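Same chain, two forms, each on its own as structure tokens: structure 1, then structure 2.
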Structure 1
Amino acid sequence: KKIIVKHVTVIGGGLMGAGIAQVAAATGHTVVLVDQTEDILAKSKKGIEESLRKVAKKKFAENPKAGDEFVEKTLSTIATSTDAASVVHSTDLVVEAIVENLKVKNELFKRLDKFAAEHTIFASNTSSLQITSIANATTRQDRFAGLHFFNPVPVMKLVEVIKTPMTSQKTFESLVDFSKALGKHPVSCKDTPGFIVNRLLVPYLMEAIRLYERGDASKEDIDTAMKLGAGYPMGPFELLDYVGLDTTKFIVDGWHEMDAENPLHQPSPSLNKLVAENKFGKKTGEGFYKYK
């Protein structure tokens, strides 16, 4: 009785949303990508194209026509719209990857709730909010789940599927199936702050910052230590810059707000200062380290 997700609406053409769209389309799903303006959408779809093209040139060297066909077919199955309500009437799944603001998300989902078909599942890619809070902005909590991806979406194979206590098993299973259909590996977590990955990763990153701040070791030695001592692909400072200092701070800020006594979520002066100076990591050319 569970739905097979075929037609997917992705809301938000940022890095995450565009990545989700790309992979869904690359795996035979029909995709409608939604954002605020045509200029934003054009840029998102262009980014998807370049990302697909890069892959194709490498993978289809011995068969360039197949490569071109793959890219073109994939892009073709990504439609765009600046009006979410107009596209969800018979979509199977909405995945929201927009600004991390409860009010904005709820306003979105409350509206979509009215226009989406009954069978439509709603999922949020949010890293900052409890799915439950967003789900209750609708009357379809049984069809509301967390579907949490990782940057870069076309590379990262994990998806966290998050049930609230109200999510149906049917909805959960549809999302597990959808995740596998994307070529990904779904794991399950309760609707708890940080789910699995961020819950275990982000506080560690904060601890690396705190160790540096105490004067105990250099950022460089800490990065080296984790790479050579723990086999991590990136040192925590490299990784902080890679995932975004603003992105990190915001998540920890949120955790700190809800649990101000918790040592793990104590703000970092160093992190705060970099974000205040708009040094956000790799994406601004400077975070803890300088890039160029």
Structure 2
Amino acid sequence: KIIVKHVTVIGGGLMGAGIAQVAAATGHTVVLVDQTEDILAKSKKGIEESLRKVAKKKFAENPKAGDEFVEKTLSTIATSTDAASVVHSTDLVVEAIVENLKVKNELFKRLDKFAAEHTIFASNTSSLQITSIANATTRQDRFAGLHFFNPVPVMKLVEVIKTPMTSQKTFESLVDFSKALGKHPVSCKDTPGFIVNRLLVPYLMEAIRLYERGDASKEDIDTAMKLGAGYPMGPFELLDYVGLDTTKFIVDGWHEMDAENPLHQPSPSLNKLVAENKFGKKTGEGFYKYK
């Protein structure tokens, strides 16, 4: 019954940064890891900006409390360029790097050698099979999926995915951790896309196909879903928000898995944007242009 206190977050992008922020904000000792010092410095800057927005609203009537919250949370987030140098004394690894099985397996296979014996490994993968990543290590009993939603400081859901090998002890530690982060964990089977993505992604692809067919504009489709279905974001706004590169990798993976399935037919428009390095908000342009 290990109580997660030290968390190593690998990847400081859209999700990793958010996971580190919330873990640190809730009293956990955090080490954020990424490829270079510049990337980490940028992630840190992003987290600070996010924290201040949280502070302006959560501590609107107490600026000092706001200052202390921002400072305390940031000081709880250490940074390192090599996770292997950190894991020998961490309680939990939360991987949030590129959505690519080979790269994730290579990462975990290496960390498995450096991590303390009690260290739990968790992947924030959007569409890959947890069992496949777990077998890249010899620590399957302490391996599971811990899937957060974008943006992490706001979305309450956390899908907890056990593989047939995950131990009850590992599962309960992750459920307890989820609640410690102030989230609402939902245990899910290790099936492609788990719950949310399995239903959300195919829908987003259909939105793109409707647009490519020339049936309607991206603008009207977004307006229609927000005003007709009550969605916070139209599909194209959400696609850019999630990241077009990540979306493409998700669908390519499933497509390869089930080539004839209409749900996973690649989109020429999506592939072209990704090929042109227009990944959405994270690059300043996706289906739409941003600042």
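Numbers follow structure 1, counted from its first residue as 1. In this text, the rigid core denotes the largest set of C-alpha atoms whose superposition between the two forms falls within 1.5 Å.
For the rigid-body turn between structure 1 and structure 2, the listed residue at the hinge is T192, chosen from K46, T192, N262, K170. Treated as two rigid bodies, the chain shows a rotation of the smaller part against the larger of 14° between structure 1 and structure 2, based on C-alpha superposition. For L211, the CA shift between structure 1 and structure 2 after superposing the rigid core equals 5.7 Å. On a core-based overlay, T74 has a Cα shift of 0.1 Å between structure 1 and structure 2. The rigid core superposition between structure 1 and structure 2 gives a CA shift for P64 of 1.0 Å.
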